[PDB]
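Asker: Sharing an experimental structure here, sequence included.
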Amino acid sequence: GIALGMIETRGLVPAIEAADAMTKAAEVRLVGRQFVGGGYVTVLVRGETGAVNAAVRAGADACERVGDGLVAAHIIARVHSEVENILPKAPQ
Amino acid sequence: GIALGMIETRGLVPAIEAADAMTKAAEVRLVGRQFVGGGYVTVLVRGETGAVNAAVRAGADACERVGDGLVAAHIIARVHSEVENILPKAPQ
Amino acid sequence: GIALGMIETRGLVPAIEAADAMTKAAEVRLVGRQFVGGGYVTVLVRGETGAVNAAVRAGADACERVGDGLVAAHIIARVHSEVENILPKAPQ
Amino acid sequence: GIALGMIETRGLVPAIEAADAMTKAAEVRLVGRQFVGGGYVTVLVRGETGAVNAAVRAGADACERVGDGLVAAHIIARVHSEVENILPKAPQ
Amino acid sequence: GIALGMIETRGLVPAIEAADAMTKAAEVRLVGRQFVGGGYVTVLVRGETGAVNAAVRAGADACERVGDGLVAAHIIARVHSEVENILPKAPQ
Amino acid sequence: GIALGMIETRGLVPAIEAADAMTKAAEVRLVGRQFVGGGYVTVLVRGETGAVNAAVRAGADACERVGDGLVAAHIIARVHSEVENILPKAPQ
Amino acid sequence: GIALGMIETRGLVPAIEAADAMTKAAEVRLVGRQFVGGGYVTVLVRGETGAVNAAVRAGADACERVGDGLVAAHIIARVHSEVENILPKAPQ
Amino acid sequence: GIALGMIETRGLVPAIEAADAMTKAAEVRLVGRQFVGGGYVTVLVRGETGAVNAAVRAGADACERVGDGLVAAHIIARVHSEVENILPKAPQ
Amino acid sequence: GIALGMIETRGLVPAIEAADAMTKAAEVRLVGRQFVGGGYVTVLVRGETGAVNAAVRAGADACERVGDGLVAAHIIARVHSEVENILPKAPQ
Amino acid sequence: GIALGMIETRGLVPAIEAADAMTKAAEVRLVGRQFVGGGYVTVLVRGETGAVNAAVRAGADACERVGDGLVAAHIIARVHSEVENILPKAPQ
Amino acid sequence: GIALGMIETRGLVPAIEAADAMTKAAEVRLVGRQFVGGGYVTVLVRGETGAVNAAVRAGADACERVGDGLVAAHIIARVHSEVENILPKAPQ
Amino acid sequence: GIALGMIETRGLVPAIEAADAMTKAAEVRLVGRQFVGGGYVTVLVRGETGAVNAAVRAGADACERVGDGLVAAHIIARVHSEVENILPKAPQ
Amino acid sequence: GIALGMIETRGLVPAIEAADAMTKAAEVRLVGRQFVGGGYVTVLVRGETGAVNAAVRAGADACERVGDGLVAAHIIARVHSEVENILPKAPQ
Amino acid sequence: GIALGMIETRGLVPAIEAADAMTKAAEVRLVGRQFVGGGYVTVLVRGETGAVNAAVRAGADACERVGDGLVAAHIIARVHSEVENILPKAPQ
Amino acid sequence: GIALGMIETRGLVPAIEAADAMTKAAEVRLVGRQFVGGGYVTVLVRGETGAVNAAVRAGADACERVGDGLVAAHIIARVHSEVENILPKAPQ
Amino acid sequence: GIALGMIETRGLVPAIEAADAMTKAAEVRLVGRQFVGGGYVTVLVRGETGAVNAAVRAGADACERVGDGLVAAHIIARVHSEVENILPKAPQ
Amino acid sequence: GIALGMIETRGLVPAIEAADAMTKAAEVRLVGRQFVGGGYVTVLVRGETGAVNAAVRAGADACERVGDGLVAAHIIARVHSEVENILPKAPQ
Amino acid sequence: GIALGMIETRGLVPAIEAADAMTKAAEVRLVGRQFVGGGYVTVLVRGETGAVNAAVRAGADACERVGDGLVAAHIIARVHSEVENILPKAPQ
Amino acid sequence: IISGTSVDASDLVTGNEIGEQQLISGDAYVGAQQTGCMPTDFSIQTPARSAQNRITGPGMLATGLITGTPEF
Amino acid sequence: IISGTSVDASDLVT
C-alpha cells in the first residue's frame, strides 16, 4: 500500500480498538503502534487510498467513546519519499 | 543546505503531517523525528535557508489543526559545529 | 482488490443493467450473478475500495428505475475469510 | 451485434410470446431464456443496435397483454466486456 | 491504475498549481497539460480510483482561488480504450 | 457505419466526459477531437445510425453539467463526400 | 463555378451541419474550412451563382439552431482575382 | 502604392467581403489577411492614397452588416519605413 | 536606445496605427509586434527614455479611438538583460 | 534554483512589466513566457526560494495597474518531479 | 447542368404546354416525359440551378389553366446519385 | 441493409422528392420505384433500421406538400424471406 | 452561358456605370454596347441564368441615378436562334 | 492612372468647356469624346483616383451653366476589363 | 506629382509644424518655405495629387492651434508651367 | 540632438530671454534666431527629447512676461528628414 | 548625457537603496556618494535628461520609507561648468 | 553571494553586535562598516538571498537593545553593477 | 477650410458618394466635414471569455442509495 | 416501458 492512516489516542486500550476497527473495516496493514510519550499512542496503517480512507473512518468512530478517547485521525494518500524513513514498516 | 527547520508537536500524527507538508512545500531533506517525552515529538528538516523557511511555515500551517497541534516551529540558518552532535543527521 | 460490491434487484433485467453499469463505470470484476429466489437477483463485483465504490454507485443509479428495481446496493471493503466460502469466485 | 435487449415478464408465456415476436420483427438473435425465479422470466436478444431497439419495442407491445405482464424491457447499447460472461451466450 | 482525474482552469498558473497539488496529494502520475484555447488549460492524471479521487479533491481546492480559477474537476473511474487516443500519455 | 455524432463543449474536461460516455454507450468509434478556439472542443464519433443516436444522447447527458458545459450534440446520418474532407479520420 | 458562398458559425458542429446541408442542397464544391479564432468557423463553397445561392440558403437554415448558431451567411457571385489569394483552393 | 488601408472585422466572412469590396472599388493591392486571434480578422490593402480611401470606404460599407461586423476602418497615407517590417507583402 | 515602449491594443488595426504614430513622433525603432491571443496585439519600440516617453504618448493618442482601443501604454526606461529573451529582436 | 514563481496577466504588456520587476528584484531566471490563449500570458521564473519570494512580490506590485493587470502571482518552493515536465526550461 | 425541374399535370396537353414553356423560358434540357397513371404526366428538365428555376416558374404559369391543370411544380437543385437511376436520361 | 422503408405518393413528383430526401437523409439504398397504377408511386429504400427510420421521416416531410402528397410512409425492420421475392432489387 | 441581360439608359455615362456594375457583380460577359438613337444606349451581357440575373439586378441599381437614368433592365434566359443574328457577338 | 471620369452634357459646347476644365484642374488625360445621339456628348478622362475626382468636380461646375447643361458627372475608380472594350483609348 | 499644397500661417513656428505634419502625413515633398512679410510664412509641398491633398489636410489640422494660427490651406491639383517660376523648386 | 524646440515671440528681447533660459535649463544648442517679419522672432534649439522639453518649458516661462511676450512654444521630438532643409544649422 | 540627479537621505542604507533603485530604473551612471556629516548621504547620478527624471523618481520612491528616509530628490538638466568642480566624477 | 544586507545603527557598539550576530547566523561576509556621521554606522554583509535574509533578521534582533539601536535593516537581493562602486568590497 | 480643388463629396458628382458619412479612421483624403467629427471593451464573444472570463465524479451519483462501509 | 438506451428525440440533440 501507499496511503498512510493514523489514529492517535490517549491510552493503549483506545488504540487497540482503533487498530481492530480499522483492520477489520478495509484491506489495510497495521505497520506500527507507537507509544509517543505522555500517554499518546499512534496506530499506523498502509494500504490503498480507498481502503485507508474507509479504515481510518472506522477507527475514529470506534475509539472515540473508548477510554480517554481519540486525539486525531489522519489520512496521507501518498507520504513524501523522505517521510518513509520515519515511518514504521512492521509493528513491534 | 546546512540550515535546520524544526517543528515540535503534541503527538506523532501532527508531526508526520508536519514532516509531509515540510518535505512537500520546499527542497528540505527530513533528517530525523524525535520523541521528547510528555507527548512532544520534533521533526527536523535541512535545506537552503529560504527553502527551510518555506518548508517550516508550510509544516506549521498543516500541523497546527491536526491533533493537539504545533508547539514550536523554528529555523537555525547556520547550526554551530557543536550542535551537529545533538542533531539526528539520518535521512540515511 | 478485495472490496466486494453487491446489487440485489427485483428481477434479472435490472441486475444486468447494474452489472453493465458497474463494469463500465469502474475497474471491478463481475464475480457472480445469483438467483436468490423470490425474484431477487444479486450481482457481486470484487475490486479495489474506490473502484468498488464507483461501481456500486453507478450500478445503483442505473438499475434504480429499470424493471421492478433496486433492493440493495452494498459495499464490504474487506470480507472475513469465512464470508469468502459463500462468495462465487467467477461468474456463470 | 454486441447490443443486448432484454425483456422480463411475469410468466413463461408472456416471455415466449415476446421472444418469438422479437425474432420475427427485427434482426436479433435469441441468445437465451432465463428463469429468474419468483415467476419472472427473462428472454434475451443480442443483435446490432438497430434491430435490438426495434425488436425490444415490438416484443414489449406483443406480450404486454398476454399473461400477467411486462415487468421491463431494457436495451443495452453496448455490453461491457464483463457482463457478457454473466449473460447467456449460446445457441442453446 | 487506469482512472482519469482532470481539472480545467482559466490560465496556466491555476493549472500548474492543480497539477502540483494533485501529484503531491496521492499516487497519480501527471500525463498531460493541454491549452484548449480561450484561456482553458486542462491538467490530466492517471491512477487508481482511490488515488485519483484523493488527488482531484486536493487539486480542485488548491486551484480554486489561484488566478481566474477552477472551471471543472472530474474523475472517470474507468476510461474506454477509445478515449486513450485523445488522451496524452506523458506530459510534453 | 458512416453516421456522424459530434458533441461540442466549452472545454476539454466536458469533451472527455462526453467521449467516454458516447464510446461506452454504443458501438461508435472516436474519430477525432478538434480544438476550435474560444474554448470550444468537438468530439466526433462514427458508427451506424442507431448506435450514433444512442452514443450522442449518452454524451450529451454526461457532459451537460461537467465543466463549462455542452454547446452542441448533433447526428448527421449520411455525410456528403465533400464534408468527409473536413472531418478527422483518426484522433491523433 | 466561380461564385463563393460562406457560412460563419460559432463552433465546428454548426459548420459541419452547414457544409453537409450546402453540399447536399446544390452542386457547390466544399473548398475549405477555416478556424478563425474565438470559436468562429467559416465553411466556403464554390459553384455557379444559382448553385451557391441555393446552397447557402439551405446551409443558413440547417445550422441556425445547431450548437451556438449562425454568425453569417453570405454570397459573393464574383470574387476579385486579388481575393482569390486569401481563399482556400482545397479543404484541409 | 505606399498608402495602407485596413479593415478589422469580427469574423472572416465580413473580412472576405471587405477584401472583395476594397479590391473592386479602386486600384489597391490586397497584401495581407491576418487572424489576430479572438475573432479579429484584418484585411490590409496597399495603393495610392485616393485609391486606398475609396477602397476602405467601400470595404467598410460592404462588411458593416455582414456577420458580426466592422471593428475598424483605418487609412495611413504614408507608413514609416519601420512599420513596413510588420506589414505583410503578399496575402497567404 | 535601451528603454522599451509598449502599446497593447484590442486588434491589429489600432496596433499598426500606434506603431506608425510612435515611430513618426520620436527617435524609436519598432522592434516587434506580438499577437498575444484573445485579440490583444502589442507593438514594442526601443529608444531613449525621452524618445520613448514621447512615442508612447503619441501612440496612445493615435489608437485610443481607433478600433477596439488601447489596453496598455507602458514605458520601461532600462530593460533587464533577462527580459530581452522574451522581447522581439529589431528585425521584427 | 527549484522554486518557481508564476505571474499570469491579461496581455503581454502587463507580463513584460512583471518579468522586468521580477528579474531586477532578485536573482531569478525567466524560464519561459507563455501565451495560454484568451489573452493570458504567464511569466515563469525559477530561482532560490528566497529570491523567488522577493521577485514575485516585486512583479505582482509592478503589473497590478499596468494594462489589464494581474490575474495570479503564485510561488511553489518545490514542484513535484512530474510537474517539471509541463514547465518550460527556456524562454521562446 | 445537374438540377432537376419537374412539372406534374393532370393530362398530356398541359404537360406539352409546360415542356414548351420550360424549354423556351431557359436553357434547360427536356430529359423525359412520364405517364404516371391516373392521368398524371411528369415532364422533367435538367439544367443549371438558375436555368431550371427560371424554366419551372414559367412552366407553372403556362400550364396552370391548360386542360385539367398543374399538380406539382418542383425544383431539386442537386439529386442524389441514387435518385439518378429512377430519372430518365433522354426523352422517349 | 435488411430494413425496408417505403413512401407511396399521389404522383411521381412527390415520389422523386421523397427518393431524394430519403437517399440524402441516411445510408439507405434506393431499390425500387413502382407505378402501382391510379397515380400511386412507391419509392422503396433498403438500409440498416436506424438509417431507414431516419430516411423515411425525412422523405415523408419532404414530399408531404409536394404535388398531391404522401399516401403512406412505412418501415419494416426485418422483411420475411418470402416478401423479398416481390421486392425489386435495383431501381429501373 | 446563353442568357441575355440588357440595360437601356438615357445616355452613355449611366450605361458605362451599368456595364461596370454588371461585369463586377457576376460572371457575365459584356457582349456589346449599342447607340440606339435619341440618347438611348443598350449594354448587353451574356452569362448563365443565375449570373445574368445577379448582374442585371446590380446594374439596375447602379445606373438608376447616374445621369438621366435607367430606361429598361431586362433578362432573357434563352434567346431564340433567330434573335442571335441581331445581337452583338463582341463589343465594339 | 486607371480611374475614369465621365461628363455627359446636352451639346458639344458644354462638353468642351467640361473637357478644358477637367484637363486643367488635375493630371487627367482626355481619352475620348463620344456623340451618343439625342444631343448627348460624353467627355471621358483617365487619371489616378484623386486626380479624377478633382477633374470631374471642376468639369461639372464649369459646364453646369454652359449651353443646354450637364447630364452626368461620374467617377469609376476601377473599371472591369470587360468595360475597357466599350471605352475610348484616344480622342480621335 | 505636380499638385501643390500650400499652408499659410502667421509666424514661423506654425509653418514648421505644418511643414512637418504635411511631409509625415502623405507622400509629398517640401519644395520650400517663404517669408511673405507682415508675419506670414508659406510652406509648400509638391507631390502627386495621389497624396497632396492629404498632407494639406493634416498640416492644417495641426497648425490651426499652434502659434498665432493658420491663414490659408490651399490645394492645386495641376500647376501651370508658368507658376512653376514663382514656386520654390528647392533641395531645401 | 534630433529634437527641435522653437519659441516664437513678439520682438527680439523676449526671444533673447527665451534663448538664455532654454539654453541654461537643459543641454540644447541654439541653432537659430530668425526675424520672421511683422515683429515675430523665432529661436530654435536642437537637443535630446528630454532636454528640449525642459528647455522649451523654461523659455516659455522666461519670455511670457518680458516685452510683448510669447506667441508659440513647440517641441517636435523628431522632424522629418525634409523639414531639416527648412531649419537653420547654426545661429546668425 | 550631462543631467544630474541627486537623492539625499538620512543614513547610508536609504542611500544604497536609492542608488540601486536609480540605476536599475534608467540608463544612468552613479557618479558618486558623499558623506556630508550630520547623518546626511547624497547619491548623485548622471545621464540624459529623461534617464535622470525616471531614475530620481525610482530612487525617491524606493528609499522613501527605508531608514530615516529621504531628505531631497532633485534633478538639474544642465549644470554650470563651475558646478562641475564641486561634483565628483567617479565614485570612491 | 550577490545579495546585500545592510543594518544601520546609532553608534558602533550596536553595529559590531549586528556584524557578529549576522556573520554567526548565516554564511554571509562582513563587507564593510561605514561611519556615516551623525552617529550612524552601517554594517553591510553579502551572501545568497536566504543567508542575507536570515543574517539581517538576526542582526536586527541582536542590535535592537544594544546602545542607541537599529535605524534600518534592508536587503538588496540583486544589486546593480553601478552600486558595486559605492559598496565596500572588504572590511578594513 | 481647404482651398483650391476640393476632393470632398459634392452634390453633382456621382459614384464617389460611397461611405461618405461613414467615419473611417486615419489619414482621410475625404473631408472631415462629410465624414463627420474611447472603446474600452472586447466586442467579439468567446464563450470562455463571455462566461467567467463543484466536483463531477462517478462517486457523486446515487448518494442516497449506497449502503456499506462509510468513508471520510 | 421503454427501458435502456433512449433512441427517442431529446431536446438537446439537433
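Answerer: Thanks, I have it. Numbering: from 1, shown residues only, chains lettered A, B, ... in the order given.
Asker: for residue A:61, helix, strand, or coil?
Answerer: helix (DSSP: H, G, I helix; E, B strand; the rest coil).
Asker: Could you pull up the residues touching it?
Answerer: residue A:21 (CB atoms under 8 Å, 6 or more residues apart in numbering or on different chains). C-betas here are computed from N, CA, C, even on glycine.
Asker: Check residue A:28 too.
Answerer: Residue A:28 makes contact with A:1, A:5, A:22, A:45-47, A:51-52, A:55, according to CB under 8 Å, 6+ apart.
Asker: and if you look at residue A:71?
Answerer: With contact taken as CB under 8 Å, 6+ apart, residue A:71 is in contact with A:8-10, A:40, B:11, B:13, B:67-68.
Asker: Which ones among those lie within strands?
Answerer: A:8-10, A:40 (DSSP state E).
Asker: for whatever residue of chain A ends up closest to chain D, what are its contacts?
Answerer: Evaluated by CB to the nearest CB, chain A has residue A:50 as its residue closest to chain D, separated by 19.8 Å. For residue A:50, the residues meeting the contact criterion (CB under 8 Å, 6+ apart) are A:26, C:3, C:48-53, C:77, E:48-50, E:53, S:71.
Asker: And the helices in chain S?
Answerer: In order along the chain, chain S carries the following helices (DSSP state H): S:32-35, S:47-50.
Asker: Which stretch among those helices approaches chain G most closely?
Answerer: Closest to chain G of those is helix S:47-50 (CB to the nearest CB; 5.9 Å).
Asker: Dump that closest one to CSV, restricted to CA.
Answerer: The C-alpha atoms that make up helix S:47-50 are tabulated as CSV, following Å, rounded to 0.1, in the frame of the first residue of the first chain:
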residue,chain,number,x,y,z
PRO,S,47,-17.6,31.6,-24.9
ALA,S,48,-14.9,31.1,-22.2
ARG,S,49,-14.3,34.9,-22.1
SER,S,50,-18.0,35.6,-22.1
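Asker: Tell me which other helices or strands that helix touches.
Answerer: Packed against helix S:47-50, as judged by 3 or more CB pairs under 8 Å, 6 or more residues apart in numbering or on different chains; DSSP states H and E, are no other helices or strands.
Asker: Number of residues surrounding residue 15?
Answerer: You didn't say which chain, so I picked chain A. 25 (other CB atoms under 10 Å in any protein chain shown).
Asker: that's the other chain; I wanted chain S
Answerer: Per other CB under 10 Å, the neighbour tally for residue S:15 reads 23.
Asker: what's the distance between it and chain P?
Answerer: Using CB to the nearest CB, to the nearest Å, one obtains 35 Å as the distance from residue S:15 to chain P.
Asker: which residues does that residue contact?
Answerer: With contacts taken as CB under 8 Å, 6+ apart, residue S:15 has the following neighbours: M:17, M:66, N:74-77.
Asker: ok, 10 Å please
Answerer: Contacts were defined as CB atoms under 10 Å, 6 or more residues apart in numbering or on different chains; by that measure residue S:15 touches H:54, M:13, M:17, M:20, M:62, M:65-66, N:4-6, N:53, N:56, N:72-77.
Asker: Now it: phi and psi?
Answerer: When quoted as degrees, to the nearest 10, the phi and psi of residue S:15 stand at phi 90, psi -10.
Asker: didn't residue A:76 look like it was pressed against residue A:4?
Answerer: Yes: with contacts counted by CB atoms under 10 Å, residue A:76 reaches residue A:4, the gap being 4.4 Å.
Asker: who touches both of these two?
Answerer: In the contact map built from CB under 10 Å, 6+ apart, the residues linked to both residue A:76 and residue A:4 are A:46, A:52, A:83, A:87, B:16, B:20.
Asker: What is the neighbour count of the spatially closest residue to residue S:31 that is not a sequence neighbour?
Answerer: For residue S:31, the nearest residue in space outside its immediate sequence neighbours is residue S:8; the separation is 3.2 Å by CB to CB, 6 or more residues apart in numbering or on different chains. Residue S:8 has 19 neighbours, counted by other CB under 10 Å.
Asker: how near is residue S:8 to residue N:50?
Answerer: Computed with CB to CB, to the nearest Å, the distance linking residue S:8 and residue N:50 is 11 Å.
Asker: okay, and the common contacts of the two?
Answerer: The contact lists of residue S:8 and residue N:50 share O:53, S:29, where a contact means CB under 10 Å, 6+ apart.
Asker: show me the contacts for residue 70.
Answerer: Because you didn't say which chain, this covers chain A. Remark: with contacts taken as CB under 10 Å, 6+ apart, residue A:70 is in contact with A:7-10, A:14-15, A:17-18, A:59-64, B:67.
Asker: Chain S is the one I meant
Answerer: Contacts for residue S:70 were tallied using CB under 10 Å, 6+ apart; they are A:25, A:53-54, A:57-58, A:61, C:75.
Asker: ok and the residue in chain A nearest chain I?
Answerer: Chain A approaches chain I most closely through residue A:80 (32.0 Å), counting by CB to the nearest CB.
Asker: Kindly calculate the angle that the longest strand anywhere in chain A makes with strand B:28-37.
Answerer: Secondary structure of chain A read by DSSP E shows that its longest strand is strand A:28-37. Taking axes from the mean of the first three to the mean of the last three CA atoms, to 10 degrees, one finds that strand A:28-37 is oriented at 60 degrees with respect to strand B:28-37.
Asker: Tell me the neighbouring strands of strand A:28-37, and mark each as parallel or antiparallel.
Answerer: Partner strands and pairing direction for strand A:28-37 (DSSP bridges) are strand A:40-47 (antiparallel).
Asker: hang on, the residue of chain A closest to chain I packs against residue B:26?
Answerer: No: using CB under 10 Å, residue A:80 and residue B:26 do not qualify as a contacting pair, with a distance of 11.3 Å.
Asker: intersection of neighbour lists for those two?
Answerer: Both residue A:80 and residue B:26 lack any common contacting residue under the criterion CB under 10 Å, 6+ apart.
Asker: re earlier: I'd like the shared contacts of residue A:76 and residue A:4 laid out as a markdown table, including secondary structure and neighbour count.
Answerer: Below are the shared contacts of residue A:76 and residue A:4 laid out as a markdown table (DSSP: H, G, I helix; E, B strand; the rest coil; neighbours: other CB atoms under 10 Å in any protein chain shown):
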| residue | secondary structure | neighbour count |
| --- | --- | --- |
| A:46 | strand | 22 |
| A:52 | helix | 30 |
| A:83 | helix | 24 |
| A:87 | coil | 17 |
| B:16 | helix | 28 |
| B:20 | helix | 25 |
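Asker: and the nearest residue to residue S:68 once chain neighbours are set aside, how many neighbours does it have?
Answerer: Counting by CB to CB, 6+ apart, the nearest residue to residue S:68 once its immediate chain neighbours are dropped is residue C:75, at 3.2 Å. With neighbours defined by other CB under 10 Å, the count for residue C:75 comes to 24.
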